[PDB]
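Heads up, the thing below is written out as structure tokens.
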Amino acid sequence: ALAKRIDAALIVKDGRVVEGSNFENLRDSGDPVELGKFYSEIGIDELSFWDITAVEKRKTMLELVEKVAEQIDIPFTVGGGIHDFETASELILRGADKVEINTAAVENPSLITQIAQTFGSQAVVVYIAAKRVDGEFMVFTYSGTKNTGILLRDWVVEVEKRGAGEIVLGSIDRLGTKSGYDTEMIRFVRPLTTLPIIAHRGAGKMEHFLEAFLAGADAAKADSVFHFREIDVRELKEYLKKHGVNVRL
């Protein structure tokens, strides 16, 4: 098999973890590099960093990927406000395994192609934020707030065609919610693409992850459930492996 992956997402701003973590065993529980590193040691397969720095942003983001590339041994993705090829190229550049684009991809899909052909499809992740609108899955930009009018089913196909290597599927309705991943959305998207699917939004308990993997997800991304210690990563992996999921352990 293919191993299923568990991803920790970190939101960062000015080199800090926005809202920190409860890993007080750490020297600075709000340091993304030390927190990233610590997750890699306890059983997280990949890391994700989303930057919301002010402009200050480029230097901040470059310093982040430099310090992470040097310290951590697992794959990592860096996003966003990465609006052009040059910024993307430079971050990959500086040590990021992948760049994640969302609003930029929708507004410039050719941006997927450009990074893909210079660095390979494996270097490009497109975050799709989607929401049911009148019985239809629609793609949304600007953190889930702007209805683009594009069907999920069409963007998924287009994203693939342009050469993305992987897709985050984030259920806007589940933002903040704790009651499971949107497995019906996962199951909708699964037969449309052979790209890897990373589920995002909704995780509350270990069983949620088993459900998303049944749904066809190749990876499951979570953040605050991990940071706040609601779910222990080791315990999550031992639970998945006990119920037949092919996880890293």
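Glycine gets a Cβ as well: all are built from the backbone with ideal geometry, and neighbour counts include every protein chain shown. The numbers here are math on the coordinates, done by the rules we state, and not lab data.
Matching residues to (1) among the acidic types (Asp, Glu); (2) part of a helix (DSSP H, G or I); (3) farther than 26 Å from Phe228 by Cα; (4) out of contact with any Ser or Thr (no Cβ under 6 Å at 6 or more places or on another chain):
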| position | (1), (2), (3), (4) |
| --- | --- |
| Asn22 | no, no, no, yes |
| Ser40 | no, yes, no, yes |
| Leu47 | no, no, no, yes |
| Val55 | no, no, yes, yes |
| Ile74 | no, no, no, no |
| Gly81 | no, no, yes, yes |
| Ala105 | no, yes, yes, yes |
| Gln117 | no, yes, yes, yes |
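Filter region 164-178 down to the residues that are in a loop (DSSP other than H, G, I, E, B) and surrounded by fewer than 19 Cβ atoms within 10 Å (Cβ to Cβ) and list them by number.
Selection gives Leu175, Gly176, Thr177, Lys178.
Hey, can you tell me all the residues within region 156-180 that are polar (S, T, N, Q) and either under 17 Å from the mean Cα position of the chain (by Cα) or under 18 Å from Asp7 (Cβ atoms) (or both)?
Passing the criteria: only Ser171.
Scan region 183-200 and give yes if some residue there is part of a loop (DSSP other than H, G, I, E, B) and among the small types (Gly, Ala, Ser), otherwise no.
no
Out of (1) among the aliphatic types (A, V, I, L, M); (2) within 17 Å of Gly165 (Cα to Cα); (3) out of contact with any strand residue (DSSP E or B) (no Cβ under 8 Å at 6 or more places or on another chain); (4) surrounded by fewer than 22 Cβ atoms within 10 Å (Cβ to Cβ), the odd one out for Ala116 is which?
For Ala116, the exception is condition (3).
If you scan region 52-93, which residues turn out to be surrounded by fewer than 16 Cβ atoms within 10 Å (Cβ to Cβ), under 22 Å from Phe38 (Cα atoms), touching a helix residue (DSSP H, G or I) at 6+ places or on another chain (Cβ under 8 Å) and not polar (S, T, N, Q)?
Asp73
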